[PDB]
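Trainee: Return a 3D structure for these sequence lines:
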Amino acid sequence: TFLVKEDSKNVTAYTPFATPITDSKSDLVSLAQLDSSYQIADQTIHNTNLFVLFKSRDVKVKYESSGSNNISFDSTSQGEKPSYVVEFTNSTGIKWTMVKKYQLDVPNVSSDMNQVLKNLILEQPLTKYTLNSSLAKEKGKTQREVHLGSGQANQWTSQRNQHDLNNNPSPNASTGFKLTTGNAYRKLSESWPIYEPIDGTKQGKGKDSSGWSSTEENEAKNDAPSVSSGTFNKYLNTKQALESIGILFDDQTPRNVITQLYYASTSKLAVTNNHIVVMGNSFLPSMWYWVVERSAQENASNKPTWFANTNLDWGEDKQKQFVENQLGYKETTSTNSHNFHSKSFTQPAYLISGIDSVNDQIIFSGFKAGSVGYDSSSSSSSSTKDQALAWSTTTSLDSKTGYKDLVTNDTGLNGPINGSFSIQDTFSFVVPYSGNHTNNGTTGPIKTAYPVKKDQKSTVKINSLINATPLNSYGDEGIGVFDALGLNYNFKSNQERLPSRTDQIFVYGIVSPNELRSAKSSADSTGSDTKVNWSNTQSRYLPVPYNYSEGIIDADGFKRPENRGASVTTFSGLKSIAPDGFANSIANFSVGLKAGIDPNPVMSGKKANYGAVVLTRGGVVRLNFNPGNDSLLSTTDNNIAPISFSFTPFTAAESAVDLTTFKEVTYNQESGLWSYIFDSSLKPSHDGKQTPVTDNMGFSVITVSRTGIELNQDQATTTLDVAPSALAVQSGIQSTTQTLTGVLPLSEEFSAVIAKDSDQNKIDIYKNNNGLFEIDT
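Mentor: Residues are numbered from 1 along each chain as shown. Next up is the structure itself:
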C-alpha cells in the first residue's frame with residue numbers, strides 16, 4: 001500500500017487499486033506528541049517503518065558572541081521548539097504508532113569557532129525574483145592599487161618582487177568586491193531585509209546593517225511597499241518569495257540569520273541501519289548537519305557536526321587548497337584577524353542538493369556556497385577596507401590538457417591573476433601564461449599573493465563571510481561572467497573548457513557508517529574542534545547554461561567582438577532569458593538527489609549496481625559508484641575527468657519546468673526510473689513587484705533514465721573509461737488547472753494521479769510506456 005501527504009500534517013494510505021483506505025488519514029504531528037506549530041518536513045521508509053522529520057514555524061534561536069554556550073533556543077518567548085525525527089509503525093488496515101522520537105539540538109561552539117562566528121557575516125538568500133544585477137556588487141581595488149597604492153602605474157615591474165608577485169602580469173587584476181552597497185550581509189544575531197536592490201552596484205547597504213536601518217531601509221520601504229501603489233525603481237519586495245523558501249517572520253520582520261540557518265538546516269532526511277542523517281535545503285546554506293545514532297536514549301540531545309570540521313576530498317590536494325586559500329588570510333599579525341582559513345577550518349557551508357541511502361551508505365551532493373575573507377579595519381586606513389577578498393581561479397590558457405593537469409594548475413592559487421587579454425584576432429579573460437611562460441619565452445616563475453599589503457599586515461582585520469550562491473566573487477567584471485557561464489576555453493588544437501576551482505563548485509560523495517560515526521564524535525567533542533575525513537567525495541566545476549543569458553550563443557575559444565561589450569560582460573549588464581523559474585541566469589541551483597539500485601542483472605559474483613541522479617539548472621547529473629567497494633566509480637587515465645560524474649542537457653520541455661517548485665523525487669525499483677514531481681502550488685503569491693502570481697496552479701513530472709554502458713554487465717565491462725549517463729524527459733503527466741495531492745506508481749505499466757480541480761477529488765489513470773505517459777479516460 002502507498003502513503004499520500006494530504007496536507008502539512010496528515011497522511012492517507014491507498015491500496016494498489018488507487019482506492020483510499022478508510023480510517024487511514026493520520027495526523028502524525030499529533031501522533032508524534034508535537035504541537036500545532038509543527039509540520040512534516042520530510043518522510044522516508046526504512047526497515048518497513050516510516051521516519052518523519054518535523055519542524056516548527058515557531059522556532060527561535062539566538063547567538064551570543066560572549067560566553068561558552070553561544071548558539072541556543074530562545075526559551076523565554078516559547079521558541080524552544082527543536083526539530084524532531086520520529087519512527088512510526090503499523091500495528092495491524094493502517095494504524096500508526098510511535099516507536100522512537102529523536103530531537104535535534106543546536107550546535108556546540110568552541111573558543112576557536114566562536115572567534116570566526118563573532119564577526120561572521122551572511123548574504124541574504126537568493127530568490128526566484130533575484131536578478132543578475134541584484135547579485136552584482138561594485139568591483140574592488142586592483143592588485144597594483146592594494147600593494148602599491150594610487151598613481152604607482154608602470155612601476156609594477158620594479159616593485160612587484162618586494163610584494164612577492166614576482167613576474168605577475170596582471171596589475172589590473174581585481175582583488176574582490178566592495179561591501180558598502182549591494183545585497184545585505186548580516187551577523188548571526190542580525191536579521192535580513194524583505195528588500196533586494198534592483199542594481200547592487202548602486203542600491204543597497206551590503207554589510208552596513210547600521211546604514212540600512214537608519215536611512216536606506218526607509219527609502220526601500222517607500223519605493224517597494226508590501227501589499228501595488230509602489231514605484232519599484234530601486235528595490236524589490238520579496239517577502240512572499242522569502243516566505244515560500246522557508247523564511248520565518250515576526251509578522252513583517254524576518255527572524256535573525258541564526259534562526260533561518262536552523263530552520264533550513266533541518267530539511268532533508270536519510271536513514272541507515274544504525275544512523276539517521278539530517279541535512280539542509282537547496283535554497284540557503286547549511287553550516288552543519290545531524291548524525292543521529294538510532295540507539296540514542298529517549299530524551300538525549302542529538303547535536304550536529306559542522307561543515308567547517310568535515311574535510312572532504314575535492315578530487316586533488318590542489319583542488320582543496322584553492323577553496324581554503326580564499327577562505328581568508330593567515331598569520332594574524334593583528335589579534336582579531338579571525339576567519340575560517342586562519343582558525344584552520346575548511347569549507348564551512350554548502351547548498352545541499354539532497355541526501356539519500358543505498359546499501360547502508362549515505363549519498364550527498366550540492367554546490368559549495370561561496371566563502372571569502374573581508375576587511376573590517378574602521379581606521380589613515382587599509383586599502384582593502386569595507387571589501388571582500390575573492391578572485392578568479394580559472395586555469396591558464398597555456399596549461400596542459402587533461403583533467404588532472406587542468407584542475408591542478410597553479411593559476412590564481414594564492415592571489416588574483418585573471419583579467420582581459422588580447423590574443424591574435426580574439427581575446428580571453430583568463431591569464432594566457434603560468435610558470436616561467438611569457439610571450440617572449442621564459443622569464444622566471446609567476447607568483448600570486450593574498451590581496452593584503454605587507455606594510456598594513458598588522459593594522460588589518462580579515463574576517464569571514466558566506467554567500468547565498470555557488471559564486472565566490474560577485475565583483476562586476478568580465479571574468480566573473482565567463483566563470484559563472486563556463487565560457488573560458490583554451491586555444492590549443494584540442495579545445496577544453498578551463499575550469500574554476502572556487503566558483504560554481506558541485507561537491508558530491510558517498511559516506512560509510514564509520515565515516516558517519518566520526519562525524520558524530522566531532523559533534524560530541526567538547527573543547528577542541530575535532531576533524532572529520534570523508535574519502536569518497538569529489539568536486540566538479542558545474543556552471544549555468546550559457547544560453548540561459550541573452551547574447552551568448554556558443555562556447556568556443558574564439559570570441560566575437562560584440563562579446564567584449566559591457567552589456568554581455570558584466571553582471572549588471574547581462575540579461576536573463578532563463579525559463580526555469582529564476583530571474584537570474586548566473587547562479588546554479590541543484591535539487592532532488594535520489595539514488596536507486598539498477599534492476600538490470602549484473603555478471604555472476606558481482607554486486608548489484610546503484611547510482612544517483614540530481615537535477616541542476618540546464619540538465620540532469622548522474623553519480624556513478626562501484627558497488628564492489630561502495631566507492632565512487634573511477635578509471636586508470638587521469639587525463640579523463642572523474643567517471644563518477646555525468647551531465648546531460650535538458651530540452652525546452654525540461655528547461656520550462658520551474659526548479660523552485662520541486663515537490664518530491666521517487667524511484668521505481670522494478671523500472672529503474674526516477675519520477676520528479678513539481679507542484680506549481682509551491683509558487684509565491686506575489687512577484688518582487690508585489691503583483692499577484694497567475695500560474696501557481698497545476699503540476700509537471702519529469703522522468704529520468706539510465707543511459708550508456710553500465711558496469712559488470714559482462715567480461716568487457718568489468719572496468720569503464722566513459723561515465724554512464726542519465727536522460728531527463730518530460731513524462732507527459734502535467735496540468736495548469738488541477739492542484740496535485742500525490743502520484744501513485746500503481747505498477748510498472750500504470751500510474752495514478754490524485755488532484756483537486758474544484759475541492760472534489762479526481763483519480764487520473766495514465767498509461768505508462770517505459771517512462772512516457774498518456775492519460776486513460
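Trainee: I'd assumed residue 603 was in contact with residue 718.
Mentor: Yes. Between residue 718 and residue 603 there is a contact at 7.4 Å, judged by Cβ atoms under 8 Å. Every C-beta, even on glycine, is put in place using the N, C-alpha and C of the backbone.
Trainee: list residues touching both of these two?
Mentor: residue 712 (Cβ atoms under 8 Å, 6 or more residues apart in numbering).
Trainee: Disregarding flanking residues, what is the spatial nearest neighbour of residue 186?
Mentor: Leaving aside its chain neighbours, residue 186 sits nearest to residue 257 (5.2 Å; criterion: Cβ to Cβ, 6 or more residues apart in numbering).
Trainee: now the closest residue in space to residue 391 that isn't next to it in sequence: how far from residue 667?
Mentor: Distances taken as Cβ to Cβ, 6+ apart put residue 416 closest to residue 391, at 3.5 Å, once the chain neighbours are dropped. Distance check for residue 416 against residue 667: by Cβ to Cβ, to the nearest Å, it reads 44 Å.
Trainee: When the two are compared, which one has more neighbours?
Mentor: residue 416 (32 against 19; other Cβ atoms under 10 Å).
Trainee: Which residue ranges make up the domains of the chain?
Mentor: What the record gives for the chain is the domain set 107-260+302-350+370-501+555-578, 600-777, from automatic domain parsing.
Trainee: got the contact list for the residue nearest to residue 391?
Mentor: 143, 170, 173-175, 391-392, 448, 451.
Trainee: helices and strands around the one helix or strand residue 752 maps to, which ones?
Mentor: Residue 752 belongs to strand 750-756 when assigned by DSSP states H and E. Contacts defined by 3 or more Cβ pairs under 8 Å, 6 or more residues apart in numbering; DSSP states H and E place strand 750-756 against strand 725-735, strand 739-744, strand 761-769.
Trainee: in that strand, what's buried?
Mentor: Across strand 750-756, burial judged by 16 or more other Cβ atoms under 10 Å covers 750-755.
Trainee: Also stretch 758-768?
Mentor: Per 16+ other Cβ under 10 Å, stretch 758-768 contains these buried residues: 764-766, 768.
Trainee: Surely residue 537 is in contact with residue 507?
Mentor: Yes. If you go by Cβ under 8 Å, residue 537 and residue 507 touch, sitting 6.6 Å apart.
Trainee: Skip the chain neighbours and tell me the closest residue to residue 400.
Mentor: Nearest non-adjacent residue to residue 400 (Cβ to Cβ, 6+ apart): residue 406, at 7.5 Å.
Trainee: now do residue 140
Mentor: Closest to residue 140 by Cβ to Cβ, 6+ apart is residue 176, at 4.0 Å.
Trainee: SS state for residue 517?
Mentor: Look at residue 517: counting by DSSP: H, G, I helix; E, B strand; the rest coil, its state is helix.
Trainee: Now flag whichever of the buried residues of stretch 758-768 is closest to residue 16.
Mentor: Comparing these against residue 16 with Cβ to Cβ picks out residue 765 as the nearest, at 12.3 Å.
Trainee: Make TSV out of the contacts of residue 416 and add secondary structure, distance to residue 59 and neighbour count.
Mentor: Formatted as TSV, the contacts of residue 416 follow (DSSP: H, G, I helix; E, B strand; the rest coil; distance: Cβ to Cβ, whole Å; neighbours: other Cβ atoms under 10 Å):
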residue	secondary structure	distance to residue 59	neighbour count
143	helix	45	27
170	coil	48	22
173	coil	44	26
174	strand	40	26
175	coil	39	27
391	coil	38	29
392	coil	39	29
448	coil	44	23
451	coil	39	30
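Trainee: want to throw those into JSON lines with distance to residue 425?
Mentor: Formatted as JSON lines, those follow (distance: Cβ to Cβ, whole Å):
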{"residue": "143", "distance to residue 425": "28"}
{"residue": "170", "distance to residue 425": "22"}
{"residue": "173", "distance to residue 425": "24"}
{"residue": "174", "distance to residue 425": "26"}
{"residue": "175", "distance to residue 425": "31"}
{"residue": "391", "distance to residue 425": "28"}
{"residue": "392", "distance to residue 425": "24"}
{"residue": "448", "distance to residue 425": "29"}
{"residue": "451", "distance to residue 425": "33"}
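Trainee: Just the closest of those residues to residue 570, please.
Mentor: Distances from residue 570 to those, taken by Cβ to Cβ, are shortest for residue 174, at 11.7 Å.
Trainee: Report the beta-bridge partners for that closest one.
Mentor: Beta-bridge partners of residue 174, counted by DSSP bridges, are residue 142.
Trainee: Just confirm it contacts residue 477, I think it does.
Mentor: Yes. At 5.7 Å, residue 174 and residue 477 qualify as touching, with contact defined as Cβ under 8 Å.
Trainee: Need the residues touching each of those two.
Mentor: residue 139.
Trainee: Distance check, residue 167 against residue 444.
Mentor: 5 Å.
Trainee: which residues does residue 302 contact?
Mentor: 102-105, 290, 292, 296 are the contacts of residue 302 under Cβ under 8 Å, 6+ apart.
Trainee: So for it, what's the nearest residue that isn't a sequence neighbour?
Mentor: Among residues not flanking residue 302 along the chain, residue 292 sits closest, at 4.6 Å (Cβ to Cβ, 6+ apart).
Trainee: would you turn the helices and strands packed on strand 750-756 into CSV with distance to residue 62?
Mentor: CSV is the format used below for the helices and strands packed on strand 750-756 (distance: least, Cβ to Cβ, whole Å):
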stretch, distance to residue 62
strand 725-735, 43
strand 739-744, 38
strand 761-769, 44
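Trainee: So what's the residue count around the residue nearest to residue 313 when sequence neighbours are not counted?
Mentor: Of all residues not flanking residue 313 in the chain, residue 537 sits nearest, at 4.7 Å (Cβ to Cβ, 6+ apart). The tally of other residues near residue 537 (other Cβ under 10 Å) stands at 22.
Trainee: Now the common contact residues for residue 537 and residue 507.
Mentor: 312, 314.
Trainee: Ok, which of the helices and strands packed on strand 750-756 comes nearest residue 646?
Mentor: strand 725-735 (4.1 Å).
Trainee: Contacts made by that closest one with the rest, please.
Mentor: Contact with strand 725-735 is made by 613, 615, 619-622, 646-648, 650-651, 653-654, 656-657, 675-676, 697-708, 743, 751, 753, 755, 766, 771-774, as judged by Cβ under 8 Å, 6+ apart.
Trainee: Among the residues you listed, which are located in helices?
Mentor: 653-654 (DSSP state H).
Trainee: who are the neighbours in contact with the residue lying closest to residue 488 once chain neighbours are set aside?
Mentor: Leaving aside its chain neighbours, residue 488 sits nearest to residue 498 (4.3 Å; criterion: Cβ to Cβ, 6+ apart). Contact analysis of residue 498 by Cβ under 8 Å, 6+ apart lists 394-397, 399, 406, 430, 488-490.
Trainee: how far away is residue 498 from residue 729?
Mentor: 31 Å.
Trainee: cool, residue 604 as well?
Mentor: Note on residue 604: its distance to residue 729, by Cβ to Cβ, is 33 Å.
Trainee: Ok, residue 228 next?
Mentor: Remark: distance between residue 228 and residue 729 (Cβ to Cβ) = 40 Å.
Trainee: Kindly report the same for residue 776.
Mentor: Distance from residue 776 to residue 729, by Cβ to Cβ: 20 Å.
Trainee: Which one of the two is surrounded by more residues?
Mentor: Counting neighbours by other Cβ under 10 Å for residue 776 and for residue 729 shows that residue 729 has the greater number, 16 against 10.
Trainee: Is the more buried one bridged to anything, and to what?
Mentor: Bridge pairing for residue 729 (DSSP bridges) gives the partners residue 703.
Trainee: same thing with residue 532?
Mentor: Bridge pairing for residue 532 - DSSP bridges - gives residue 310.
Trainee: about what we covered before: ok, the residue nearest to residue 140 touching residue 473?
Mentor: Yes. Between residue 176 and residue 473 there is a contact at 6.5 Å, judged by Cβ under 8 Å.
Trainee: Nothing else from me, thank you.
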